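This document opens with one chain alone, in structure tokens, the form deposited in one PDB entry.
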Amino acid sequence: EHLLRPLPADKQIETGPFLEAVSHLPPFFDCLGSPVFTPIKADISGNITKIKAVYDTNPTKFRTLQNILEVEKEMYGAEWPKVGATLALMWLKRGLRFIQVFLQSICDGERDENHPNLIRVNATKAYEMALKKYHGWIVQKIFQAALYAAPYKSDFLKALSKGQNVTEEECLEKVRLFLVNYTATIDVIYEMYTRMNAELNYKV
């Protein structure tokens, strides 16, 4: 119902099914009514839309994520990889990695024992690992505001089990299952960017 597809032997990720799966992730930022972590949500959603626009023009040409990078490298020459869907996916993977590290941290029981019902330590770890190195001073401040406003852990978990009779432990089990194919997929995308020399280090 929103699991990602398993990783193929050949590690070639199909573009259409990938976009379909990750487009179910922005709504989770809305599970508490007022959206949470809005700058992270907005970037994920905006980058999905950009990649989908390129894919939809020629699904066979852009059948896999690797095809996008191959095709755009040829099309755009020296401007690549700072172009098109290659650039949108370079940023998308960092928002997807934020979600991965955040959810894994919560599932692993990582917390500040003085604030066991907050998720600030999990969100900070995820931000540091995924996004911080690529954000200038102004953008970092925009993220800290989203940090101070983070929901309570119990409210965040209640809201993921949208109106179901499921315990916090049962909810965490479901997130752990989701994390298996999701983490593998993000790791393969990162490895592709490094292999293809598509990764850039500029800050926004």
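Position 1 is the first residue in the sequence shown; the rest follow in order. Only residues modelled in both forms are compared. C-alpha atoms forming the largest set that superposes within 1.5 Å between two forms make up the rigid core.
In the PDB record, does 66-74 or 34-42 carry the higher mean Cα temperature factor?
-> Averaging CA B-factors over each stretch, the winner is 34-42.
Stretch with the higher entry mean CA B-factor, where the candidates are 192-200 and 7-15 | Averaged over C-alpha atoms, the B-factors run higher in 7-15.
Looking at 135, 176, 162, 153, which has the biggest Cα B factor in the entry?
-> By C-alpha B-factor in the record, 162 ranks first.
Missing here is the form deposited in another entry; even so, the following discussion is about that form.
Position with Cα shift of 2 Å or more, rigid core superposed between this form and the one not shown, options 45, 38, 67, 161 | Just 38.
Which way does the C-alpha gap of residue 95 and residue 32 go in that other deposited form, closer or farther, given it changes by 3 angstroms or more?
-> Result: closer.
Comparison of CA distance in that other deposited form with shown form for residue 169, residue 36, at least 3 Å | Their C-alpha distance grows by at least 3 Å in that other deposited form.
Consecutive stretches, 3 or more residues long, displaced between this form and the one not shown (C-alpha shift of at least 2 Å once the core is aligned) | Run with every C-alpha shifted by at least 2 Å: 31-40, nothing else.
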